[PDB]
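*Asks:* how would this look folded up:
(chains A, B and C, ligands or ions: 2)
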Amino acid sequence: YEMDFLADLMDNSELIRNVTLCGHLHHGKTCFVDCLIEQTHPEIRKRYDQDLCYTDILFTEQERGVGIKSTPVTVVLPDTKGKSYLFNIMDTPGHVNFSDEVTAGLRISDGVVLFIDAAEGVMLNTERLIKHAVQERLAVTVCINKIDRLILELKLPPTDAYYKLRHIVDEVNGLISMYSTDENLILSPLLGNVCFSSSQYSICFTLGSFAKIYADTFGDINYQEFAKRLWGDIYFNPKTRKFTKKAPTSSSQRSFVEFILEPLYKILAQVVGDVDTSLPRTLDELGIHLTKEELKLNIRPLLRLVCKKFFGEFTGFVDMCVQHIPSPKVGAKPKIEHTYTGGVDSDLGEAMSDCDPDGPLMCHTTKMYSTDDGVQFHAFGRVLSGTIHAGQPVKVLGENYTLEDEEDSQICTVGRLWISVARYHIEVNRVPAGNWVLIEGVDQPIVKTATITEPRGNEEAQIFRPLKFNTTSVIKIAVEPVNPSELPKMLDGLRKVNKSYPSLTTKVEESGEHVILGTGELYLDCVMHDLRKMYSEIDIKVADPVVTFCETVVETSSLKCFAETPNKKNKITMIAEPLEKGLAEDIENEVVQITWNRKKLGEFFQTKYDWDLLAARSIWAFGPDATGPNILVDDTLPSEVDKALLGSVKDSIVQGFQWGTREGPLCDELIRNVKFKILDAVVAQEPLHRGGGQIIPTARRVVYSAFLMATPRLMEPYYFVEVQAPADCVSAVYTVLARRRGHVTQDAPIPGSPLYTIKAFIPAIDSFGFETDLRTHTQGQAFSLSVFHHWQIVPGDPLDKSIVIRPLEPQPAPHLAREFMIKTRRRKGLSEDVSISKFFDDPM
Amino acid sequence: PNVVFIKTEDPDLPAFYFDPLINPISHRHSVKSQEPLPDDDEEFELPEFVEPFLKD
Amino acid sequence: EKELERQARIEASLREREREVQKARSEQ
Ligand SMILES: Nc1nc2c(ncn2[C@@H]2O[C@H](COP(=O)(O)OP(=O)(O)OP(=O)(O)O)[C@@H](O)[C@H]2O)c(=O)[nH]1
Ligand SMILES: [Mg+2]
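*Replies:* Numbers count the residues shown, from 1 in each chain, chains lettered A, B, ... in the order given. Ligands and ions are numbered 1, 2, ... in the order given. Please see the structure below:
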């Protein structure tokens, strides 16, 4: 590959495809791309004993194995027979928190690739990832890595292996059909959306490349006529000399079984066994003529060499990445329709709808990458429209930016451009559209999200929606320095690391604590390592973890919280009650949004929520930030009369509710499952006394009086631990879960290999080392993984001043709720004597 | 990656023997292809003008 | 040799079935 040819192909056409991989716990990714780099960069030779990564440029992934830094790479891959294409592949880690990171980073790719283990098969990360990708409306191209782990490790026959693959594809297609009704992408076992890989042994090909091999050596026309029936349920008929999809003979297997798997196992058994005897007799028939010095290797590298000579240059995956993974000229429409805040009806929408390098520029930086000098970190981003050049200034923008809010803008000169390779970097002077560039000089004004427009002429430009994660981070940790005279360096490192890891979010509570919010234990571990080692060289102290809780109403309020305004001209009354859990999960799952007609919300409430007619028609407002489950309501006999004046002072009431839900009196945390119904609301005709000064805080007082005087109850999170392990480890996992507040959800003998997958919940309070405790007693055979996606109410009722956990015991009583209440109010600095029920009762 | 392996008993069994150890293959019942497939005319027009894969 | 292989397969299948029955009884 010549860099000049790369530049020529860059500003050539939309043939350059954009892809982002997807996998879980080493199921096919960095070894596969190491094979790709060896195919493209021949001088970069892989080792003999140890595996070569080519994706963990940093050190933490090398020392742990679990990748953290998504290292995208772009390669000249002449894998299309008689053609060539450009591929922009975004490598991805596999861990759950890092899976949320990838899901945040999957906005860029027009399509998605999956690497599933041939033996382990489906996992939990994929169970979430399929749903996430279908929610983003991106392409899907399944692939299966670690196939040598099936033929060699298990020593299965062909038919059992093919049935295993059938079951894998059936489960994947069922999950996709449950996610949505994408008939175009669904049902893809043989159309080209199935790649094969043995990354450790470079055994990687597809149906098309297989048919191409046979047509090249001694064969017939291409796979358009042959590969259309190599899939099972159709055997070969040497009598008729064709594939008998009708009733076949007895001693016959599927064309996959006898054309592909037969010689596959043949050469595997000839290279592994009989390496001294059956090597040349089997290799001079179809293989290479490697010298005697080449046969003096161990079994693994020799096998990899033979697999590489067989699949000569891996001309199989470009044949599918161009097939179904669309070009950027095609994917610009839906990607922008889903990402851009406005619709396609905007001038900028139809402008950037095509990948015009000469037009309104709309860049978007997602992942921030550091350099050898920690004081300056670059930024990677997808150029959807326009053409960036060296030294061109751009209007960097923020997530809070808006057409009216011109505060989140800051100009900056693009210093030096690079190309993402993760081992080297190619400097660039001009960048066309559909491009990934390593931006320099823009490191300062960047936030977790980033959007770019032209510094002049790009006016009337909206921004891209803030990305989701599909995994709400619940962990809360404090990080205070060793010596207190090191605050600014620690905070600078904290900000740099925040810009590095988008999943987290800095915070400083009223108690003056330096707080961090992580998704998992290993997430916070890698974060603090990169902090103390890279972004801040100061010795820092660390506390223990704690889960960020929320409040909930156990039942209806007893009395009407009458929070009257201080002007003696506003008497608000809000009675709060809970709602169905599934409806709140759907409101959080973006099922029933707020921007709908009155009839639309009415039908949604009468069908989904099963609410009353006037009840649903009287919808007041939504929850905090229009994303959380906080239902506002306003219905009454005088409410139907004087709703106009109150409607004038309803915006301030909704704002006060949204700001009060952000921090409640229970534990200074969020609130959920609250249906605040406003019954009595005196509204004065004079807006001077009835202004905002007696709108926001009176409403906040009423809301807190209803939430505190209506049988409160906390809500602690529950993870979902899927531990693939044998039966003895199953009993051990039962013991540990019983000893740590567990709840056995599902446990079954997952086929394909002996790994009984134990699916069960763990609370975050008792999740401090679930993986460590499971791997300690199970003798290293129960590598489970957790994901926080289920919040449940603790059984305590922390209102009675009778239970007190004085000593350092772990609150075995059902006063554990009050224990966590006292602990949280002591950690937050607020008044630990939470007795505002009589103070906030507001008697009248 | 829990290293899976099938530790056989003695070297009298075949090489690739399904050890009754793991589970049923799929226990599938939704597949319904008792009747012949539609790719018949082009199938007859789709010969196999090449020697087999590894018959020898 | 073929009959020996079939008998060995039957014996290993019986042994694995007994072991799996014991393991499943313990797990239940
Ligand atoms: N060669 C090979 N190795 C496999 C396979 N399946 C699992 N592995 C193991 O995984 C290693 C390579 O891991 P990758 O597939 O490259 O994983 P990864 O992309 O680093 O994954 P994460 O960092 O966990 O997201 C190999 O050296 C094996 O130890 C397979 O089919 N082939
Ligand atoms: Mg990885």
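
*Asks:* Name the nearest residue to whichever residue of chain C sits closest to chain A, sequence neighbours excluded.
*Replies:* Relative to chain A, the nearest point of chain C is residue C:23 (4.5 Å; C-beta to the nearest C-beta). C-beta coordinates here come from the backbone N, C-alpha and C atoms, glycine included. Nearest residue to residue C:23, sequence neighbours excluded (C-beta to C-beta, 6 or more residues apart in numbering or on different chains): residue A:727, at 4.5 Å.

*Asks:* wait, the one you found sits on residue C:21?
*Replies:* No. If you go by C-beta atoms under 8 Å, residue A:727 and residue C:21 don't touch, sitting 11.4 Å apart.

*Asks:* so the residue nearest the centre of chain B is in which element?
*Replies:* Computing the C-alpha centroid of chain B and ranking residues by C-alpha atoms, centre = their mean puts residue B:25 first, at 11.0 Å. Per DSSP states H and E: residue B:25 is located in neither a helix nor a strand.

*Asks:* which SS class is the closest residue to it other than its chain neighbours?
*Replies:* Using C-beta to C-beta, 6+ apart and skipping the chain neighbours, the partner closest in space to residue B:25 is residue A:163 (4.3 Å). Of the three states, residue A:163 takes helix under DSSP: H, G, I helix; E, B strand; the rest coil.

*Asks:* Contact partners for residue A:163?
*Replies:* Listed by C-beta atoms under 8 Å, 6 or more residues apart in numbering or on different chains, the contact set of residue A:163 reads B:25-26, B:28.

*Asks:* Which residues of chain B lie near chain C?
*Replies:* Within reach of chain C by C-beta under 8 Å from any C-beta of the partner chain, chain B has these residues: B:8-10, B:12-14, B:17, B:19-21.

*Asks:* if we go to 7 Å?
*Replies:* With C-beta under 7 Å from any C-beta of the partner chain as the criterion, chain B meets chain C at residues B:9-10, B:12-14, B:17, B:19-21.

*Asks:* Also chain A?
*Replies:* Residues of chain A lying close to chain C (C-beta under 7 Å from any C-beta) are A:727, A:730-731.

*Asks:* will you turn those residues into TSV that also has secondary structure, neighbour count and distance to residue A:793?
*Replies:* Listed next are the residues of chain A next to chain C as TSV, based on DSSP: H, G, I helix; E, B strand; the rest coil; neighbours: other C-beta atoms under 10 Å in any protein chain shown; distance: C-beta to C-beta, whole Å:
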residue	secondary structure	neighbour count	distance to residue A:793
A:727	helix	17	34
A:730	helix	24	29
A:731	helix	17	30
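
*Asks:* ok, those vs ligand 2, which is closest?
*Replies:* Ranked by distance to ligand 2 (C-beta to the ion), the residues of chain A next to chain C are led by residue A:730 at 27.7 Å.

*Asks:* Contact partners for that closest one?
*Replies:* Applying C-beta atoms under 7 Å, 6 or more residues apart in numbering or on different chains to residue A:730 gives the contacts A:747, A:756, A:758, C:27.

*Asks:* Buried ones in the one helix or strand residue A:305 maps to, by neighbour count?
*Replies:* Element membership for residue A:305 (DSSP H and E) is helix A:299-310. Using 16 or more other C-beta atoms under 10 Å in any protein chain shown as the test for burial, helix A:299-310 gives A:302-310.

*Asks:* Just send the residues you listed back as CSV, with distance to ligand 1 too.
*Replies:* Shown next, in CSV, are the buried residues of helix A:299-310 (distance: C-beta to the nearest ligand atom, whole Å):
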residue, distance to ligand 1
A:302, 14
A:303, 10
A:304, 8
A:305, 14
A:306, 14
A:307, 10
A:308, 12
A:309, 17
A:310, 15
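
*Asks:* Can you pick out the most distant pair from those?
*Replies:* Across the buried residues of helix A:299-310, no pair lies farther apart than A:302 and A:310, at 12.6 Å, counting by C-beta to C-beta.

*Asks:* Which of the contacts of residue A:730 has the largest number of neighbours?
*Replies:* In terms of neighbours by other C-beta atoms under 10 Å in any protein chain shown, the contacts of residue A:730 top out with residue A:758 at 27 neighbours.

*Asks:* On the three-state scheme, that residue is what?
*Replies:* Classification of residue A:758 using three-state DSSP returns strand.

*Asks:* hmm, back to that, now, the most widely separated pair of the residues of chain B next to chain C?
*Replies:* Among the residues of chain B next to chain C, B:12 and B:21 lie farthest apart (C-beta to C-beta), at 17.5 Å.

*Asks:* tell me the contacts of the residue of chain B found nearest ligand 2?
*Replies:* Among all residues of chain B, residue B:1 sits closest to ligand 2, at 12.1 Å; criterion: C-beta to the ion. Residue B:1 is in contact with residue A:26, counting by C-beta under 7 Å, 6+ apart.

*Asks:* That one looks like it's in a strand, true?
*Replies:* No. According to three-state DSSP, residue B:1 belongs to no strand; its state is coil.

*Asks:* Could you export stretch A:19-37 as PDB, CA atoms only?
*Replies:* Extracted in PDB, the C-alpha atoms of stretch A:19-37 (Å, rounded to 0.1, in the frame of the first residue of the first chain):
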ATOM      1  CA  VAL A  19     -17.100   0.200   9.900                       C
ATOM      2  CA  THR A  20     -17.000  -0.200  13.700                       C
ATOM      3  CA  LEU A  21     -16.400  -3.700  15.000                       C
ATOM      4  CA  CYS A  22     -18.300  -5.100  18.000                       C
ATOM      5  CA  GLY A  23     -17.400  -8.000  20.300                       C
ATOM      6  CA  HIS A  24     -17.100  -9.200  23.900                       C
ATOM      7  CA  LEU A  25     -14.300 -10.600  26.100                       C
ATOM      8  CA  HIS A  26     -11.800 -11.600  23.300                       C
ATOM      9  CA  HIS A  27     -14.300 -13.200  20.900                       C
ATOM     10  CA  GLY A  28     -12.400 -12.300  17.600                       C
ATOM     11  CA  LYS A  29     -11.100  -8.800  17.400                       C
ATOM     12  CA  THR A  30      -7.500  -7.600  18.000                       C
ATOM     13  CA  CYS A  31      -6.000 -10.900  16.700                       C
ATOM     14  CA  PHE A  32      -8.200 -10.600  13.600                       C
ATOM     15  CA  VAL A  33      -7.000  -7.000  12.900                       C
ATOM     16  CA  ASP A  34      -3.500  -8.200  13.700                       C
ATOM     17  CA  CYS A  35      -3.900 -10.600  10.800                       C
ATOM     18  CA  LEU A  36      -5.200  -7.800   8.700                       C
ATOM     19  CA  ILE A  37      -2.200  -5.600   9.500                       C
END
